[PDB]
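# Tertiary structure, described
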Protein chains: 2
Amino acid sequence: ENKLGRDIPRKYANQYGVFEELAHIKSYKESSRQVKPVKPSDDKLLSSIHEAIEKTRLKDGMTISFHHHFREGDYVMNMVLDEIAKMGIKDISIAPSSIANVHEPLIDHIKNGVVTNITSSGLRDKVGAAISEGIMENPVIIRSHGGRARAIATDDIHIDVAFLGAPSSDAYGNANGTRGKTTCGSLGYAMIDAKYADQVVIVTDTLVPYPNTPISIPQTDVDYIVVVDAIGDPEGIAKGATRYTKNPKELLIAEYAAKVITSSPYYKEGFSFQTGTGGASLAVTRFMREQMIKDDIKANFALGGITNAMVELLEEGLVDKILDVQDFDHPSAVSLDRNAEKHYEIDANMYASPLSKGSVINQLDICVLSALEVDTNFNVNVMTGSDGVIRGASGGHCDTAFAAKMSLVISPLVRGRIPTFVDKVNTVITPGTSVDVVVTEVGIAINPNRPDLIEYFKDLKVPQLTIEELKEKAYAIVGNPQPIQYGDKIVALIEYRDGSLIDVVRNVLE
Amino acid sequence: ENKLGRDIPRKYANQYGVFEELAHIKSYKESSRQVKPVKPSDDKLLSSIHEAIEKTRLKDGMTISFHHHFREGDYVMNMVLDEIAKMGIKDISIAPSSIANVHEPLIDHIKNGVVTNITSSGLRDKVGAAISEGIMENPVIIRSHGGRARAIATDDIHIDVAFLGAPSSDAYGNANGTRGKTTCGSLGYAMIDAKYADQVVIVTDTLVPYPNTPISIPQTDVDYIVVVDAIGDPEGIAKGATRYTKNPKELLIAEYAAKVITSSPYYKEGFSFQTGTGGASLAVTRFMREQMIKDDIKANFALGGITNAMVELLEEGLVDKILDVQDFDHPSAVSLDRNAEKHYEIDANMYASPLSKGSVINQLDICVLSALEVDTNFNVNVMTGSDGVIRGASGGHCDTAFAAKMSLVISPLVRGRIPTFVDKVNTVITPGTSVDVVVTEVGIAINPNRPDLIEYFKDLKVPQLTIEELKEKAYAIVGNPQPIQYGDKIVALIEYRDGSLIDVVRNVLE
């Protein structure tokens, strides 16, 4: 085997870098695109997605991309792909920033050979279920948000045509995600596509007179613009904010998490942080705020997927600035426009790329992450569930977990009949060497790899245990989990942020 | 020779494309840079310009760049170069967006072989004088703002290290030109450098805590940051706005110019325009405003180098938006921040590049330009003066002149003893085929190349003549100009926006 207790077949271990103790990085030639100059009399606006595919010269075997800022309300993905299928185009390589459940139509396109390769952060329930049963012949390549940005910039992947949805755009390409009848706020994942892709087709829901502003994607990165009745589901982003949890167990976990942060050697005036987008990982901000108020300390900035709780803090003057790569509710998207400058939009590359001139997460003091599983080696799994079926997402988990000065992975000891702590995770997305402190409702588990933290928290008034004790404490609740029946087909490869393979995922026998 | 009547030697006519009727454009591979990944523990802040040059690995023969947003108040250029000389580095290729008079120190660096090649928009009085007497062995390559952007993107030129001045920046590279003790507003010329250069060193005057915002240059484009006592002259940009002219002759020219615009088939609700930064070309906005008020027409946007007059219109609600590539006074730079979104910053490429997916000047309905000379073929000279000595600048002249629906070149019939209209210009920067209407104090001269304009203005109540009549009308004032004594050395090559040679400049003998 390799570094960790992973069974990665030599076929892939040799194809990709076989490892994931972190290594070194050296200079590289950034990817360059094939630009098609526009004549002063050329019209970049098109009538339909059809003509877009046409005038774009899309052929078999090419690679196309999409973003997931509209999440479950997305219409662009199913829209383009379907037209590609109808036009008899096949063997297309898909490179979406991430895949949601509304993207179910993808399954048939796979079965019929329209899509032959997929790469993204996650696949979620439906698409992931299919992929887990062996639908595709080739393995789905999963990359973290930073990994995707790294790959595109390193050119070890190249987008032929990027179909990007934009809630607003002029007839020349200037687009943004904060204006229109179907906004989504930031466009950080799409911004990188339009920057490295050869041809960019933005699909807008609302056409604005030239010049459109603000500008998240400049006319200089766009080739064609197509207007449609709707790019995303109306209320699918026009709803409201998601309040904190009420579950006492989660609130306790959140509170313990905040005590770890506010007692850490990083909690002081001008400290940075990133919290979750729901559950206990999100609630932690409530207790954190309280402690920040008791003291007169103020944080310099907040990152990640912003939520209303984050906007709340920016307005109360508790956090000076806020860097946004993705919004998780209408109010946060609104804030990106309302509190300009103080709430800034950033592309995924500036966000979490391991091979850049510098990422924001590199200035992050602490992050609060969640998990599906976590073994006695501190490895975290956010891809596969108990049944071994893919349904998660890599996101920026292994990304920030590494950059952050102190990584917190909080999660209930057990979920129903499924233990959150085990001796070995089914799939590895984030190496234990990146996890500093684990928080549960039973206490805190400090990674012995961080002796400086064990001492600093020595007197911390919170129950402390070993990761092994958490596992035993879990097994004593739902008993040893019943092993799953895995096949021999490699359903997908998990590429670590640095580009090497950290693990793999096999099919689940029917 | 060339299309026009320029005696461009075969040596250069063959080296570069020999022509300048406009041609066609085809797909190209955009330039890519050699990125040096930053380790999460790497510090990008340096102590001095010296260490910057050092850690940047600058060697002989490399190419470096600078921007001219600080104009005559710049300190960065002389700063870096001088340290390069002190360190014994030579045969350096200079690629500044433009050269001012304060850049006099350059002369000695040329004589001592420190700088062996130069490319930019202009050289102005001092540097230009030197170059005109044969100081450099190689010819200075002059390119329009668009040409420079085109060259850098086409990679037929490549920046090794870009030393950019920024009035504000964090210790990671996020910089802007609207915050700091020495602001300059927009950073459109520098923004392209940091995007295509291999290594970028920003020199700030004021260090701001991370993350800095707004962000004109992202941390992902910067390699090192160096803090100095001053990057630019204090009042050299902290002064005020420049009011209109008082010279009756100029005011008449301005007025005639406005009547041409307001009577053109482009004057209607939502029309775009760009006016000068001084003289009659600027004053034209006064009369224009009046006419726009009489009618209830409103312009969609204003472009170019913004002046307070422009901000004035944006506030009176007469112009909806304003795209800024360079500010020409403190108030305009201030407005770029004050009236956010409505006053937007744009990089030189998005501005006037002939080889892009689309430039703003391509949406420009009318532009008002000035000139040193203009022959009976409508060719315009903004490089050399009467004495044939270089002292001008290409700027965006030939750029917008071409993109604009209607190009106006206004200028007094004569300046002192020098005629503005002649039979042949010493140097050609903008081809007559791009000049539509010429405005003087004696009347208007419509280029016969625009028969649609001759008819539309048939009844325009303004004296109309032929370009030949303007010349004769000029010769009858200061007589035929006494020919200059030119040498045989090609002091510089003038590269047209498309990349080919339109003319050349020879040395002047005392």
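Method of determination, as given in the entry header: X-ray crystallography; reported resolution: 2.70 Å.

Here we take up the interface of chain B and chain A. Contacts between the two partners involve 50 residues from chain B and, on the opposite side, 52 residues from chain A. In total, about 4600 Å² of surface goes out of reach between chain B and chain A, with carbon and sulfur atoms giving 57% of it. Of all residues in chain B, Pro37, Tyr210 and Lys357 of chain B give up the largest surface area on contact with chain A, accounting jointly for 18% of the area buried on that side. Where chain B touches chain A, the interface holds 4 salt bridges. For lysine 357 of chain B, the salt bridge identified is with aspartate 223 of chain A, shortest N-O distance 2.7 Å. At the surface where chain B touches chain A, the tally comes to 29 residue pairs in polar contact. The set of elements that each furnish at least two residues to the side of chain B that touches chain A consists of strand 1 (28-29), strand 2 (34-35), strand 11 (199-204), strand 14 (299-302), strand 16 (319-324) and helix 13 (348-352) of chain B. In terms of residue class, the side of chain B that touches chain A is made up of 20 nonpolar, 17 polar and 13 charged. Bridge analysis of strand 2 (residues 34-35) of chain A against strand 1 of chain B gives 2 bridges, and the strand direction is antiparallel.

What follows is about the relation of the copies chain B and chain A. Between chain B and chain A, the superposition needs a rotation of 179° and an axial shift of 0.1 Å, giving an RMSD of 0.2 Å. Considering both components of the superposition, the chain copies are consistent with a two-fold axis. Minimal C-alpha separation from the rotation axis in chain B is found for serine 32 of chain B, amounting to 2.5 Å. The share of interface residues of chain B whose copies in chain A are also at the interface is 96%, consistent with both copies meeting through the same surface.

Turning our eyes to something else, we now look at the packing of aromatic side chains. Applying the stated criterion across every chain, the model contains 12 aromatic pairs over all chains. Among the aromatic residues, those joined into a cluster by ring pairs are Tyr172 and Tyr210 of chain A together with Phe301 of chain B. Lying across the ring of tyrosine 172 of chain A, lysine 44 of chain A places its NZ or CZ 4.7 Å from the centre.

Moving on, we get to the pattern of salt bridges. Two side chains carrying opposite charge are able to pair once their charged atoms lie near each other. Residues and elements named next belong to chain A. The full count for this structure, using the stated rule, is 49 salt bridges over all chains. Between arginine 450 and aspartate 452 there is a salt bridge, and its shortest N-O distance comes to 3.1 Å. Classification of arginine 450 by relative accessible area gives buried; the value is 14%. Since its relative accessible area comes to 32%, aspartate 452 is described here as partly exposed.

Residue and element names in this part refer to chain A. Here chain A is partitioned into domain 1 (1-239 + 485-510) and domain 2 (240-484). Computed over C-alpha atoms, the centres of domain 1 and domain 2 are 27 Å apart. Across the contact, 54 residues belong to domain 1 and 49 residues belong to domain 2. Scanning the region where domain 1 abuts domain 2 turns up 3 salt bridges. Secondary-structure elements contributing two or more residues to the side of domain 1 that touches domain 2 are helix 5 (124-132), helix 6 (145-154), helix 7 (188-196), helix 8 (235-238), strand 28 (486-495) and strand 29 (501-508). By residue number, the principal contributor to the side of domain 1 that touches domain 2 is helix 6, which donates 6 residues. Each residue belonging to the side of domain 1 that touches domain 2 can be placed in one class, and the counts come to 24 nonpolar, 19 polar and 11 charged.

With that out of the way, let us pick up the sheet that holds strand 11 of chain B. All names here are of chain B. Strand order in this open sheet of 10 strands is 3-12-11-8-4-5-6-7-28-29, and the pairing throughout is mixed. The open sheet has two edge strands, strand 3 (45-46) and strand 29 (501-508), and neither has a second partner. Both strand 3 and strand 12 (residues 224-227) contribute to a ladder of 2 bridges, which runs parallel. Counted as the bridge partner of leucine 46 is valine 226 from strand 12. Across the face of the sheet, helix 3 (residues 76-86) comes into contact with strand 4 (63-66), strand 5 (92-96), strand 6 (115-120), strand 8 (161-166) and strand 11 while running at roughly 155° to strand 4.

On to the sheet that holds strand 13 (residues 272-274) of chain A, then. All names here are of chain A. On the basis of which strands lie adjacent, the open sheet formed by 9 strands has the order 18-16-14-13-19-22-25-26-27 and mixed pairing. Looking at strand neighbours, the two that pair on one side only are strand 18 (343-345) and strand 27 (464-465), the edges of this open sheet. Where strand 26 (residues 444-446) meets strand 27, 2 bridges bridge the pair, whose relative direction is parallel. Bridged to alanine 445 within strand 27 is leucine 465. The strands touched by helix 9 (residues 248-262) within the sheet are strand 19 (366-369), strand 22 (406-410), strand 25 (437-439) and strand 26, with strand 22 carrying the most contacts at an inclination of about 170°.

Moving on: the packing of helix 11 (residues 308-315) of chain A against helix 12 (residues 330-338) of chain A. Residue and element names in this part refer to chain A. Put simply, helix 11 and helix 12 touch, their axes get as near as 8 Å, and they point 35° apart. The handedness of the crossing between helix 11 and helix 12 comes out as left-handed. Contacts between helix 11 and helix 12 involve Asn308, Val311 and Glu315 from the former and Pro331, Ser332, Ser335 and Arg338 from the latter. In terms of residue class, the contact of helix 11 with helix 12 is made up of 2 nonpolar, 3 polar and 2 charged.

Residue and element names in this part refer to chain A. Direction of pairing for strand 5 (residues 92-96) relative to strand 6 (residues 115-120): parallel, over a ladder of 3 bridges. If you follow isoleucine 92 over to strand 6, its bridge partner there is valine 115. Each parallel crossover has a hand, and the one from strand 5 via helix 4 (residues 106-111) to strand 6 is right-handed. After leaving strand 6, the chain enters helix 5 and then returns to the sheet as strand 7 (residues 140-142), a path that is right-handed.

Time to look at the side chain of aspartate 327 of chain B. Residue and element names in this part refer to chain B. Considering the arrangement of structural elements, one finds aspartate 327 in strand 17 (residues 326-327). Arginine 71 is the oppositely charged side chain nearest to the buried, salt-bridge-free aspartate 327, at an N-O distance of 8.7 Å. In contact with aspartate 327, not counting residues within four places along its chain, are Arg71, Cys184, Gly185, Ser186, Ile306, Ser332, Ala333, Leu336 and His343.

Moving on, we get to the environment of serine 169 of chain B. Residue and element names in this part refer to chain B. For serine 169, the location among the structural elements is in strand 9 (residues 168-169). Judged by relative accessible area, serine 169 falls into the buried class, the value being 0%. It is 10.0 Å that separates the C-alpha atoms of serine 169 and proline 214, two residues lying 45 residues apart in sequence. Every residue in contact with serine 169, bar those within four places of it in the chain, is listed here: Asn174, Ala175, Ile202, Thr204, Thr206, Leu207, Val208, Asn212 and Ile225.

Definitions and limits used
- Bear in mind the residue numbers are our own, running from 1 along each chain as written, so they may not match the entry, and residues with no coordinates are left out.
- In the order they appear in the text, chains get letters beginning with A and ligands get numbers beginning with 1.
- For side-chain calculations, the full set of non-hydrogen atoms in the structure is used, while hydrogens and water are omitted.
- By the convention used here, residues are in contact when the closest approach between their heavy atoms is within 4.5 Å.
- Buried area is understood as the total, over both parts, of accessible area removed when two parts are fitted together, assessed with a 1.4 Å probe.
- Salt bridges, as used here, are contacts in which a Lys or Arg side-chain nitrogen is within 4 Å of a carboxyl oxygen on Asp or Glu.
- Each polar contact in these results corresponds to two N or O atoms within 3.5 Å; when the atoms are within protein, one needs to be able to donate a hydrogen and the other to accept it, and residues that are neighboring in sequence are counted only if both atoms are side-chain atoms.
- Helix and strand definitions here come from DSSP, where helices need a minimum of 4 consecutive H or I residues and strands a minimum of 2 consecutive E residues; each element is numbered from the N-terminal end.
- As a working rule, the residues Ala, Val, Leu, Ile, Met, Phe, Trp, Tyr, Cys and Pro are called nonpolar, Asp, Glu, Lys and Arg charged, and the rest polar, with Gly in that last group.
- A pair of strands is considered paired only if DSSP assigns at least 2 bridges between the two.
- Least-squares fitting over the C-alpha atoms is the method by which the copies are superposed.
- Any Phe, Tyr or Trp ring, taking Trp's six-membered ring, that has another such ring centre within 6.5 Å forms a pair; planes under 30 degrees apart are called stacked, those over 60 apart edge-to-face, and the others tilted.
- When the NZ atom of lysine or the CZ atom of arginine is within 6 Å of a ring's centre and also within 35 degrees of its normal, the charge is said to sit over that ring.
- Here's how the labels work: a residue is buried when its accessible area is under 20% of the maximum for its type, exposed when over 50%, partly exposed in between, all with a 1.4 Å probe on protein chains only.
- Residue ranges for the domains originate in an automatic or database domain assignment.
- Note on geometry: axes are lines fitted to C-alpha atoms, helical ones only across the stretch in contact, with angles between N-to-C directions running from 0 to 180 degrees.
- Crossings are classed by handedness, with left-handed meaning an anticlockwise turn of the near helix from the far one by less than a right angle and right-handed meaning a clockwise turn.
- Handedness of a crossover is defined as follows: with both strands directed away from the viewer, a clockwise route from the first strand across the helix to the second makes it right-handed.
- The positive count covers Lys and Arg only, the negative count covers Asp and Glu only, and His and the chain ends enter neither.

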